[PDB]
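Scroll down for the structure; my scribbles are underneath it.
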Amino acid sequence: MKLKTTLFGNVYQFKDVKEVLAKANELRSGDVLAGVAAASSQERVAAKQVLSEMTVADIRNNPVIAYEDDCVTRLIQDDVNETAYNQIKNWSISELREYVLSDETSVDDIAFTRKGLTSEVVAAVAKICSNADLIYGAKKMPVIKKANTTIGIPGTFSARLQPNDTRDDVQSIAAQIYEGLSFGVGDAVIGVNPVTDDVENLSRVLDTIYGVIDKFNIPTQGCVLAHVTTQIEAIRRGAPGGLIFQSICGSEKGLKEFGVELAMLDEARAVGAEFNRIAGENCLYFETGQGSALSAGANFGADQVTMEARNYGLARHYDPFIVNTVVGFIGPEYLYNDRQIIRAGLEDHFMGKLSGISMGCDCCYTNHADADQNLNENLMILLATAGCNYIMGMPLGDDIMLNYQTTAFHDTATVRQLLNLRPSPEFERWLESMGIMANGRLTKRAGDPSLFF
Amino acid sequence: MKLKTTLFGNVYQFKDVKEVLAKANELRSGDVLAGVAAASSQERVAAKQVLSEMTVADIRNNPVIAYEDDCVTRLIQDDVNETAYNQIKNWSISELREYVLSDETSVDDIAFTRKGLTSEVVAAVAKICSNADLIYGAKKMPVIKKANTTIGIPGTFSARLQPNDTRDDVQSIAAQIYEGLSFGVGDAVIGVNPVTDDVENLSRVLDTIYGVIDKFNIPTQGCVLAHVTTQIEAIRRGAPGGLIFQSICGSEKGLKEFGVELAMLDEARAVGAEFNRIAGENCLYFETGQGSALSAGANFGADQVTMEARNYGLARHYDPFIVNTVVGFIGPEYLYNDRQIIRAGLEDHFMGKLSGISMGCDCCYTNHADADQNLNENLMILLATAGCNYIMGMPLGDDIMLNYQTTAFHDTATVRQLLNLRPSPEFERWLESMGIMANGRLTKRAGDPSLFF
Amino acid sequence: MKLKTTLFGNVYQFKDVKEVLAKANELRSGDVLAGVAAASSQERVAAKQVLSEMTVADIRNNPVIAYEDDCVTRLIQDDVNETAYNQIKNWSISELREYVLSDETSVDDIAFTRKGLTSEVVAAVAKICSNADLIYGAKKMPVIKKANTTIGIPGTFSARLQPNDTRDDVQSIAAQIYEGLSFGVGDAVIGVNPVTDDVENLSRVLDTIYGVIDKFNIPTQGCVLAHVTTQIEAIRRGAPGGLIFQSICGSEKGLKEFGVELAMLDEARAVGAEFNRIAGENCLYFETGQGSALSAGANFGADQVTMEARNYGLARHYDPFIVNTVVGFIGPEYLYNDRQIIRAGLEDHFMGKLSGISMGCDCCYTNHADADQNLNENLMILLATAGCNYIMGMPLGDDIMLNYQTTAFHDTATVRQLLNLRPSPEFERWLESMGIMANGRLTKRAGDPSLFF
Amino acid sequence: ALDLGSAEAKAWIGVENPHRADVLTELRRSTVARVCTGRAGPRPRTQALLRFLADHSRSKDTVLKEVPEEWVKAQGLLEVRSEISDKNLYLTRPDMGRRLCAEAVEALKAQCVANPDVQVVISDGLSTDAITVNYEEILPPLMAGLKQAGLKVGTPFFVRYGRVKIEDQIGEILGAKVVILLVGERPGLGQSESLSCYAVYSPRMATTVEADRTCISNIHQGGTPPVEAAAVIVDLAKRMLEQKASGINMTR
Ligand code: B12
Ligand SMILES: CC[C@H]1O[C@@H](n2cnc3c(N)ncnc32)[C@H](O)[C@@H]1O
Ligand SMILES: CC[C@H]1O[C@@H](n2cnc3c(N)ncnc32)[C@H](O)[C@@H]1O
Ligand SMILES: CC[C@H]1O[C@@H](n2cnc3c(N)ncnc32)[C@H](O)[C@@H]1O
Ligand SMILES: [N+]
Ligand SMILES: [N+]
Ligand SMILES: [N+]
C-alpha cells in the first residue's frame with residue numbers, strides 16, 4: 001500500500017494507516033485535541049486521496065488497536081464474514097464509496113457486502129464522503145428492527161420519549177410522558193436517565209413508565225438508562241423489562257472506564273430473553289458519540305470518527321433494537337460549533353447504517369459550545385432525509401437534568417408532516433385510536449397532555 | 001389438575017399428563033404401534049376434555065422427558081420467557097385454543113404469547129383442534145425469515161428444488177435444476193440429498209448447484225442434506241455454503257441416534273456466519289416428521305405428535321431459515337392412509353407456526369403406504385391455504401433415489417396461480433427478468449428447461 | 001375407435017365405451033356395487049389411457065342410455081351446439097383435458113367450447129384428471145348467475161342457510177335463521193327441507209322465511225325443498241315464491257322414481273316467471289349426488305360419475321340459479337370413506353362447472369360412513385380454492401332432521417377469511433349495514449343471533 | 001398405440017414449443033427423473049400423468065410380492081424368519097421385525113460358525129425385486145473377496161421379514177465382529193431393485209445407536225452396480241476390523 005501522494009507538486013507522506021484515517025477527517029476540535037488532525041486543507045485532501053486509494057484489505061488488516069490487546073477489535077474481526085470480505089478485499093476505498101452510492105447497488109447487495117467490512121473500513125468510506133454523500137448513502141441503507149414497535153421502515157420516523165428529572169420525581173416524569181405522547185413521541189422508547197443509580201429507584205421509574213403503558217395499552221417499551229448491571233438486577237427482581245441500555249465505547253480500555261464487561265452485554269441479552277416484555281426479537285439499546293474514547297484516554301492515537309465506527313461494530317454483534325449517537329452531548333473540546341456537530345451527526349448516522357444497526361441520533365448541543373437550537377433543527381431534518389431511525393423528544397428540548405438541549409416533541413411532529421413520514425405502524429395505530437393523529441398529522445386536539453385525563 | 005372426566009356417565013381415568021396427550025390424538029397407526037392410543041372413540045374424546053381443562057402450568061411442569069435427563073427438554077425450558085409464561089400459566093388449554101383462533105388476537109399478541117409456551121403445550125393445543133382450526137390458526141401465525149430470499153410473507157409461497165440422483169450424477173442433478181427453475185421452484189432452497197457422505201462429493205454437488213446460481217445470478221441458496229459434520233468440514237475447506245442442514249429429533253436419545261449433539265448445531269451457526277453466502281440472518285435448515293422418535297426408541301412412551309412438537313421447540317432455539325416436516329416419508333406403520341397423513345400435515349404445520357419457526361411441509365407418501373398422488377395434491381393445497389411457507393419440488397414428484405413421491409414442480413405453479421400467491425419477492429424478480437413469470441403466472445415459455453441454453 | 005391398449009406387456013381389452021368410462025373412475029364403493037369397477041390399478045390406468053385416446057365424437061355418439069329410450073339423453077343431445085361440436089369432435093379426451101387446463105384457454109374460449117360437449121364427454125374429462133386438475137380446471141371456469149344476489153363471481157363465496165326441524169317448527173327454523181345470518185350465511189338461499197309434504201305446511205315455512213327477509217330487507221331468496229309439484233301449488237295459491245327446487249336424476253327412469261316429468265320443470269320455470277320475487281333471471285334450484293341413479297336401478301350399467309354428469313347436462317337446459325351436489329348424503333355403499341367423498345366432491349364440482357351451471361356442493365357425510373367432521377373441513381376448503389359457488393350452513397353442521405352432518409355457519413366465515421373471499425355483493429352490503437361484517441371479516445358483535453332483536 | 005411401460009414412453013418429450021429441442025433430448029437422457037414432460041397450464045400433461053399412474057400400479061405390487069422358498073434353496077441358505085408371520089403384519093410392526101422368532105435362535109447357534117470376523121446376512125426387507133435381481137451379481141464376489149486374503153467368514157443365511165436393527169441380535173448370537181446386512185429398500189415409483197448394505201462393528205442391542213452403522217445404499221443397475229458394490233463392501237469390512245469402529249466412529 002502507498003502512504004504518500006503528490007499534490008500541487010508537493011509530496012505528502014504519512015506514517016501509517018492510523019495517521020491517514022485521522023488526517024482525512026474534516027476539521028474538528030477533537031482531532032486537534034488528539035494531535036492527529038491535518039495541518040492544512042492540502043494535507044487533509046492528500047490524506048483523503050491516499051485513503052481512497054488504499055484497499056479494504058489495507059484497512060481491515062490495520063486496526064487502530066491490535067487484535068490480541070483489545071476485545072472490541074477481536075469481536076469486530078471475529079464477526080466478519082470472510083466470504084464477503086474476500087469478494088471486496090481488493091476494492092479500494094474509492095470503489096467502495098462509489099459502490100455504496102450506486103443506484104445499481106440494491107439494499108440486498110449491501111446486506112451481504114457490509115458483512116465483509118470492519119469498523120475501520122466503515123470509517124474509511126465516511127471520510128471520503130461529502131455531506132450529501134453521507135445523507136444519500138445512508139438513505140439507501142435502511143435497517144429495520146422490531147420490539148413492540150417496528151422501527152426503520154422507509155417512510156417512517158420514530159422518536160424516544162426522554163422524561164428526565166432532577167430528582168427522578170415520578171410526577172415530573174409522568175408529566176413529560178403525557179406531553180410527549182400527545183405529540184406522537186415514544187414509538188422508539190420511553191427512556192429515562194436516572195439521577196440515582198440504585199435498584200429501588202429504577203423499579204419506581206419503570207413502574208411509572210409502564211403504569212402509563214398499561215393504562216392506555218400503548219405499543220412501546222420502557223427503559224431506564226442506568227448502568228446495565230443495575231438494570232439487570234432490577235429486572236431479575238421483578239421490574240418490568242423492556243429495553244436494556246448501556247453506553248458503549250470503541251475500545252476495551254474505554255469499556256473498562258464505563259465499568260462494562262462483554263459478559264454483561266451477553267447477560268443483558270439473556271435477561272431480556274427471559275424477562276422482558278418484548279414481542280419482537282430486539283430488546284437492547286446503545287448510545288454512542290464522538291469523543292468518548294478520547295475522553296477516557298482510550299483512543300490510542302486514533303481519531304474520534306474511526307473510534308466511533310468501532311462502537312457500531314461492537315453494537316452490531318448484539319443486534320440491538322436501537323442505537324443513537326449523542327452527537328453534541330459532551331462539549332466543544334470534541335465538536336466546537338454548528339458545522340462540526342452537523343458533519344459528525346451525518347458521519348455517525350452513515351457509519352451506523354453501513355454497519356447494519358438501527359441507527360438513530362440525539363441531535364443535541366451544550367451551552368458551553370458555539371451552538372443554538374437552530375442547529376438542532378438543521379441537523380434533525382438533514383438526518384430525517386437520510387432516513388434516521390429516530391431522534392429524542394423533550395418539552396422544547398430542554399433537559400432539566402442532563403443540562404443540554406435536544407430536539408422537542410414539536411420537532412418530531414414537524415419532521416413527520418414536513419416529509420410525509422409516519423410513526424411506527426403499531427404506534428401510529430394507537431395514536432389514531434387516541435384521536436391524536438390522523439393521516440400522519442396531529443389532530444386539532446393533539447399536543448394537549450390533558451387529553452389523557 | 002384432574003386426570004379424570006365423566007362422559008355419558010362413564011368415568012375415564014388417566015395415569016398422567018403423558019397418557020392424556022397421547023390418547024387425545026386423532027387415530028393414527030403410529031400411536032397404535034406405540035401402545036399409547038385411546039381404546040375407543042369415547043376415551044379419545046374424554047382425553048380431549050381432560051386435556052382441554054388442564055392449564056398451561058400443568059403441561060409446562062410435566063414434560064414427556066425429565067429436565068435433568070434430556071438436553072432438548074432443558075433447551076425448551078431454558079428458552080421460555082417467564083414473564084410471558086406467568087401471564088398464561090393459569091389458562092386452560094381450552095382457553096389457549098380460543099385465544100389462538102380469535103380474530104381479536106393479532107400477530108403481535110401471539111409473538112409474545114408463544115414465548116411463554118413449551119412444545120408439550122404446543123402439541124396440547126393442536127390435539128383439541130379440528131382440521132379447519134389447524135388451518136385457520138396456522139394462517140394467522142405467519143413466520144417470516146430471510147436468507148437470500150424472504151420466505152413466509154403472507155401472500156407468498158416458496159418451494160424447495162430437490163434434485164436428487166441415484167449416483168449423485170451432476171448431469172442429472174443439473175438437469176433437474178433447470179427443470180425446477182423453469183416452473184418457479186427454488187426460492188426456498190436448491191437442496192440435494194446426497195448418496196455418499198464425504199467431503200469431496202458434497203463439494204462436487206455444491207459446485208454444481210452454485211455454478212447454476214452464479215451463471216444466472218439466481219437469488220437463492222444451495223444445500224446438501226448430508227450430516228452436519230461433513231457439511232461444516234466441506235465449507236471450512238472452501239465449498240460454497242448456503243444453508244446448513246441437519247435432521248433433528250425431539251429427544252437427547254433421538255439426537256444421539258442421529259449422531260448429533262447440540263454443540264454441532266452451535267458450530268453450524270458459527271460456521272454459517274463466517275463463511276456462508278447469505279444476505280439475511282437465517283441460514284439453518286431442519287427436517288422433521290412424526291415417527292422418528294419412536295423409530296429410534298427415543299419417545300419414552302410419548303405419542304408422535306408431542307415428540308414432533310419438541311422438534312420445533314428445539315429448532316426455535318437456532319432460528320433457522322426453513323423447517324419442514326416430511327409428513328409421510330417413513331411408512332404406514334406411523335401414518336397409514338390419506339386421512340392420517342393430511343391430519344399430521346396440518347398438525348405439524350400448525351405446531352411449527354405456533355412454535356415461531358419458518359414451517360414448511362414435504363407433502364409426500366410412500367409406496368407401501370395406503371396413499372397415492374391425489375393425496376399429495378389434497379394436502380399441498382390445504383397447507384397452502386394454511387400459509388405453509390414452502391413445499392418440495394421434483395419432476396412429477398418422483399424421487400429416483402429416496403424411493404418416495406413428493407410434490408411436482410407443476411404443483412407449486414398450480415398452487416401459486418390457483419391462490420394468487422407469489423414466490424419470494426427476490427426470486428420473483430429473477431423469474432420475471434428471465435421471462436419465466438409475469439404477474440405471478442407462468443409465461444408461455446415457462447416449464448421449458450431448454451430456456452437456460 | 002380403439003377399445004384396447006397394452007400396459008406392461010399385458011393387453012387390456014374393453015367391451016364398449018360404457019365399460020371404458022366406468023373402469024377409468026377412481027376406486028369407489030359405488031362402482032364396485034354396480035359391478036363396473038376396474039379389477040385392479042393396472043386395468044384402471046389402462047382404461048384411462050383408452051379413454052384419453054378416444055375422441056369427443058366417440059363418446060358423444062355413445063351415450064350410456066340410447067336417444068330414443070331416454071328423455072334426458074335427448075335433452076342433452078338436442079341442446080348441443082353442432083358448430084361448437086364439429087370444431088372439437090375429432091379432439092381426443094387427452095387433448096380436451098389439456099385444453100381446459102391451459103392458461104392460454106380463456107373463460108370466453110370455454111364458453112363456446114362447452115356448448116359442443118355432452119355429459120358423457122364432461123364425465124370423460126374428469127376421469128383423466130387428478131385432484132389438483134379438477135380443482136384448478138374448475139377455478140378457471142366460473143359460472144355466474146343472478147337472483148336477488150349474484151353468485152359465482154371470482155373472489156366471492158356464498159352459502160345456503162339450511163334451517164331444518166324434526167317437525168317443521170317455525171320457532172326452531174327461525175332460530176337457525178338468525179344464527180346463520182349472524183355468520184353471514186344465506187346469500188345463496190334460505191332453504192328448508194320440509195318434514196311434511198303438504199301445501200299448508202309449505203306456506204307456513206315460506207311465511208316464516210320471508211317474514212325475516214321482509215323485516216330486515218335482506219337481499220336473498222327463500223325456498224322449501226319439497227316436491228316441485230307441491231311448491232308450484234303453494235306459490236300459485238299465494239305463497240312467497242323465491243327459488244323453486246327439485247331433485248334430479250341422470251336418467252328418465254331415475255326421474256320417474258322421483259315422480260318428476262320434464263313438463264314439471266318447464267312449469268316451474270313458467271311459475272317463477274309469473275309469481276316469484278326474484279330480480280334476476282335465475283330462479284331454479286337443483287340438487288344432485290353420485291349414487292342416486294344406481295339407487296333407483298336406473299344407471300343402466302353406467303358408473304355413478306358418468307350418470308352424475310348427465311344431471312348437469314339436464315340442469316343446464318333450465319339455467320338454474322344454483323346447483324349443488326350432496327356429495328355424501330346417502331351412505332357408504334356409494335362413497336365409503338374420506339378419500340372417496342373428497343374425490344367425488346372435486347369431480348362433481350369440476351363437471352358442473354364444465355357443464356356451465358352454478359355448481360355448489362353440500363360437503364357432507366353420514367354416520368354409517370367411515371367419515372368425520374374433519375372430512376367436511378378438508379373438502380370445503382379444497383372446493384373453495386376450486387371456486388365452488390356455495391356450500392351449506394347449519395349450527396355446527398348438525399342436521400337434527402336429515403340425520404347427517406354438513407358444514408357449519410363457522411365454516412363459511414372461516415373459508416371467507418382464510419381465502420379473502422367476500423359474500424355476494426348485495427348480501428355483503430346488507431351484512432355491512434347490520435354491523436355483522438366489515439371488510440369481509442366478522443365484526444366483534446357477529447355470530448350472535450340476539451343481534452336481530 | 002403406446003405401452004406406458006416402454007422405453008419410448010420413458011423417453012417422451014412433452015414440451016410444446018421448446019427453446020432448444022436438442023437440449024431437451026440431452027437433459028431427458030441425462031437422468032431417470034421425469035423431466036421435459038411439458039405442461040398443460042400449470043398441470044402435468046396427460047401422457048406424463050398416465051405413465052405416473054401406470055408406474056405406481058406396478059410399484060404397489062412390488063411391495064407385497066415375496067421371494068419364493070424355491071428360490072432360496074437354489075442358493076443354499078438357511079430359511080430363518082423373525083417374529084413376523086406374513087407380509088401384512090410386517091408393514092405395521094417394525095418392532096417385531098427387529099427381533100428373531102423362537103425357532104430362529106435355535107437354528108443360528110446350530111447351523112453357523114462361532115465368532116466370525118465378517119457375517120453376511122441377507123433379508124428381503126421391503127422389496128423382493130431388490131434381492132432376486134442383484135443376488136447372483138453381488139454375493140459370489142462378496143463371499144470370495146472376504147476369503148481371498150481375508151479372514152474368518154461366517155455362514156450366510158436369509159432372514160425373512162427382517163429390518164435393519166435385527167443385525168444387532170445376530171451380532172451377539174453369532175458373536176461376529178462385523179455384520180453385513182443386504183436388505184431391500186422400500187420400492188420407488190419407477191423401480192424396486194434398489195438394495196442397501198447396513199454394516200456395524202460389534203453390535204450390542206443395549207448400546208448400539210443407528211449412527212454407529214455404515215450404509216451403502218442404491219445398489220442396483222441404475223445406481224451402484226452389484227459387482228462394483230461387492231468390492232466396496234469388502235474394503236469397508238477391512239476398515240472396520242482395523243479402526244475397531246463403524247459409522248460416525250470411523251475416520252477418512
Ligand atoms: C426412511 C429413511 C430414514 C428414516 C428412517 C425411519 C424408518 N425407516 O423407519 C429417518 C427419518 C430416521 C432417516 C433419517 C436419516 N437418514 Co435416512 N433414509 C431412509 C430411506 C429413505 C429408507 C431406508 C429403507 O428403506 N430401509 C429398508 C428398511 C427395510 O429398513 P428399516 O430397518 O425399516 O430402516 C432402518 C434404516 O433405514 C435406518 N436408517 C434410515 N436412514 C439412515 C441413514 C443412515 C446413515 C443409517 C446408518 C441408517 C439409516 O433407520 C431405519 C430404522 O432402523 C433411505 C433411502 C434409501 N434409498 O434407502 C435413507 C438413507 C438410508 N438415509 C440417509 C440419511 C442421509 C439419513 C440421515 C443421516 C440424515 C441426517 N443427516 O441426519 C439420518 C440418519 C438417521 C439414523 N442414523 O438412523 C442416507 C444414508 C446416506 C449414507 N451415506 O449413509 C440414505 C441412504 C438416503 C440418502 N440421503 O442417501 N432416514
Ligand atoms: C449520562 C450520559 C448519557 O448520555 C449518553 N452519551 C452521551 N454521549 C455519549 C458518547 N460519546 N458515547 C456513549 N454514550 C454517550 C450515555 O449513554 C449516557 O446515557
Ligand atoms: C434420508 C431421510 C431424509 O429425509 C428427512 N426425514 C424424513 N423423515 C424424517 C423425520 N421423521 N424426522 C426427521 N427427518 C426426516 C431427513 O432429514 C433426511 O434428510
Ligand atoms: C331428502 C333428500 C334431499 O337431499 C337431496 N339429495 C341428496 N342426495 C342426492 C342425490 N344423489 N341426487 C339428488 N338429490 C340429492 C335431495 O334433493 C333432497 O332435497
Ligand atoms: N465514540
Ligand atoms: N418427530
Ligand atoms: N347422480
Side-chain angles (χ1 to χ4, degrees), chain B residues 164 166 168 191-198 201 225-231 245-250 254-260 285-297 304 307-308 311 324-331 333-334 362 364 366 368 399 401-404, chain C residues 248-251 254 288-296 298-299 304-312 325 334 348, chain D residues 90 94 97-98 123-127 130 162-167 181 183-188 194-196 198-200 209-219 223 246-248:
Chain B
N164 295 332
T166 56
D168 296 337
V192 172
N193 294 87
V195 164
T196 44
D197 181 80
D198 64 289
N201 181 73
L225 280 72
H227 200 265
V228 66
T229 52
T230 87
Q231 296 178 58
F245 167 82
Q246 183 43 53
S247 313
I248 54 177
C249 197
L255 293 181
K256 288 198 253 253
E257 262 268 287
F258 294 175
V260 186
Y285 177 21
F286 302 133
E287 274 195 319
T288 64
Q290 295 182 21
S292 58
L294 177 60
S295 174
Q304 58 192 40
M307 287 315 286
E308 173 75 0
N311 271 319
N324 63 265
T325 177
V326 212
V327 51
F329 193 84
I330 305 183
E333 58 272 26
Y334 302 111
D362 185 348
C364 59
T366 54
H368 60 150
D399 193 310
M401 77 139 306
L402 287 179
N403 298 345
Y404 81 131
Chain C
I248 55 178
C249 198
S251 66
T288 63
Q290 294 181 25
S292 61
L294 177 64
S295 173
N299 65 317
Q304 61 192 44
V305 174
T306 304
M307 293 300 314
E308 172 72 1
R310 298 172 52 93
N311 267 325
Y312 311 147
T325 180
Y334 305 135
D348 289 353
Chain D
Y90 174 82
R98 296 173 182 175
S123 183
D124 58 331
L126 282 153
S127 182
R163 296 287 185 173
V164 169
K165 311 207 173 174
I166 205 191
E167 66 180 1
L181 176 61
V183 69
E185 319 161 358
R186 73 263 192 100
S194 186
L195 172 90
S196 278
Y198 292 86
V200 55
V209 302
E210 214 63 22
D212 297 334
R213 313 185 201 260
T214 306
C215 178
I216 311 288
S217 66
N218 302 98
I219 307 189
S246 62
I248 87 183

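One-based numbering, in listed order, for ligands and for the atoms of each. A note on names: the letters A, B, ... follow the listed sequences, proteins ahead of strands, and every chain is numbered from 1. Heavy-atom basis, side chains included; hydrogens, waters and symmetry copies ignored.
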Please check if the side chain of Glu308(C) supplies one atom and the backbone of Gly289(C) the other of a donor-acceptor pair under 3.5 Å. yes
Have a look at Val195(B), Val192(B), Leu181(D) and point out the one with the heavy atom closest to atom 83 (N) of ligand 1. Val195(B)
Keeping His227(B) on the side-chain end and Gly259(B) on the backbone end, is there a donor-acceptor pair under 3.5 Å? yes
With a 4.0 Å cut-off on heavy atoms, is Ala296(B) touching ligand 1? no
Using non-hydrogen atoms of the residue, decide whether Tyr90(D) is closer than 4.0 angstrom to ligand 1. yes
Is the shortest distance from a heavy atom of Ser295(B) to ligand 1 less than 4.0 Å? yes
Counting only heavy atoms, tell me which of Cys215(D), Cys364(B), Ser247(B) gets closest to atom 16 (C) of ligand 3. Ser247(B)
re atom 11 (N) of ligand 3, the protein heavy-atom contact at minimum distance is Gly289(B) O, 2.7 Å
Taking non-hydrogen atoms only, is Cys215(D) closer than 4.0 angstrom to ligand 1 via side chain, backbone, both or neither? both
Hey, is the main chain of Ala293(B) close enough, under 3.5 Å, to the side chain of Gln304(B) for a donor-acceptor pair? no
Could you tell me which atoms of ligand 1, counted from 1 in the order shown, lie closer than 4.0 angstrom to a heavy atom of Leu126(D)? 28 (C), 29 (C)
Where do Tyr90(D) and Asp124(D) land on the side chain to side chain donor-acceptor pair (under 3.5 Å) test, with the steps shown first? CA-CA 11 Å; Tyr90(D) 174 82; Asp124(D) 58 331; 6.0 Å; no
Mind checking whether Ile330(B) and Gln290(B) have side chains closer than 4.5 Å, heavy atoms only? no
Find out whether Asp399(B) and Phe329(B) are in side-chain contact, i.e. whether some heavy atom of one side chain is under 4.5 Å from a heavy atom of the other. no
Specify the protein heavy atom at minimum distance from atom 8 (N) of ligand 1: its residue, its atom name, and the distance to 0.1 Å. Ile330(B) CG2, 4.2 Å
Check: of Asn193(B), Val327(B), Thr288(B), min heavy-atom distance to atom 9 (C) of ligand 3 comes from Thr288(B)
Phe245(B): heavy atom below 4.0 Å from ligand 3, yes or no? yes
Identity and distance of the protein heavy atom lying nearest atom 19 (C) of ligand 1: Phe329(B) CE2, 4.0 Å
Check whether any side-chain N or O of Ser251(C) sits under 3.5 Å from a backbone N or O of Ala298(C) as a donor-acceptor pair, and report yes or no. yes
Closer than 4.0 Å: a protein non-hydrogen atom to atom 60 (C) of ligand 1: no
By side-chain contact (heavy atoms from CB on, under 4.5 Å) - contacts of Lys256(B) (at least two apart): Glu252(B)
For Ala199(D), which residues count as a side-chain contact (heavy atoms from CB on, under 4.5 Å) partner, sequence neighbours excluded? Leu236(D), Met240(D)
Got the closest protein heavy atom to atom 85 (C) of ligand 1, with its distance? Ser217(D) OG, 4.6 Å
Would you tell me which option among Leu225(B), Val326(B), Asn311(B) has the nearest heavy-atom contact to atom 6 (N) of ligand 3? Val326(B)
Go through ligand 3 atom by atom and flag the ones less than 4.0 Å from a non-hydrogen atom of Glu287(B). 4 (O), 5 (C), 13 (C), 14 (N), 16 (C), 17 (O), 19 (O)
Looking at atom 65 (C) of ligand 1, what's its closest protein heavy atom, distance included? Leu225(B) O, 4.5 Å
To which protein heavy atom is atom 12 (C) of ligand 1 closest, and what is the distance rounded to 0.1 Å? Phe258(B) CE2, 4.0 Å
protein heavy-atom neighbour closest to atom 2 (C) of ligand 3 works out as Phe329(B) CE2, 3.5 Å
Under the 3.5 angstrom rule, does the side chain of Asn218(D) hit a backbone N or O of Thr166(B) as a donor-acceptor pair? no
Can you tell me how far apart OG (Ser196(D)) and CD1 (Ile219(D)) are? Round to the nearest 0.5 Å. 6.5 Å
Would you mind listing which atoms of ligand 3 come within a distance below 4.0 Å of any non-hydrogen atom of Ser292(B)? 10 (C), 11 (N), 12 (N)
For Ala226(B), atoms of ligand 1 separated by under 4.0 Å from a heavy atom: 71 (N)
Counting non-hydrogen protein atoms only, what is the nearest one to atom 73 (C) of ligand 1? Give residue, atom name and distance. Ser247(B) OG, 4.7 Å
Have a look at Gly297(B), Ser196(D), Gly184(D) and point out the one with the heavy atom closest to atom 27 (C) of ligand 1. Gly184(D)
Under 3.5 Å: donor-acceptor pair, side chain of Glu185(D), backbone of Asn403(B): no
Could you tell me whether some N/O pair between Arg213(D) and ligand 1 is separated by less than 3.5 angstrom? no
Nearest-option assignment for atom 52 (C) of ligand 1, heavy atoms, candidates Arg163(D), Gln231(B), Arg98(D): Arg98(D)
Kindly identify the option in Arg186(D), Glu185(D), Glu210(D) whose heavy atom sits closest to atom 21 (C) of ligand 1. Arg186(D)
For ligand 1, does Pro194(B) get within less than 4.0 Å through its side chain, its backbone, both, or neither, judged by non-hydrogen atoms? backbone
Contact region, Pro94(D) to ligand 1, non-hydrogen atoms below 4.0 Å, reads neither
Of the backbone atoms (N, CA, C, O) and the side-chain heavy atoms from C-beta on, which set of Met401(B) has a member under 4.0 Å from an atom of ligand 1: side chain, backbone, both, or neither? both
So that I can tick it off, tell me whether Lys165(D) and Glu257(B) are bridged by a salt bridge, with the cut-off set at under 4.0 angstrom between side-chain N and carboxylate O. yes
Kindly say whether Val228(B) contributes a backbone atom to a donor-acceptor pair with the side chain of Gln246(B) at under 3.5 angstrom? yes
Measure the distance from atom 26 (N) of ligand 1 to every protein heavy atom, then report the residue, atom name and distance (to 0.1 Å) of the closest one. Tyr198(D) OH, 3.6 Å
Starting from atom 55 (C) of ligand 1, find the nearest protein heavy-atom neighbour and note its residue, name and distance. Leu402(B) CD2, 4.2 Å
Donor-acceptor pair, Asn311(C) side chain versus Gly250(C) backbone, under 3.5 Å? yes
Do side-chain atoms of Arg186(D) reach the backbone of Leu402(B) as a donor and acceptor pair under 3.5 angstrom? yes
When you measure from the side chain of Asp168(B) to the backbone N and O of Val195(B), does any donor-acceptor pair fall under 3.5 Å? yes
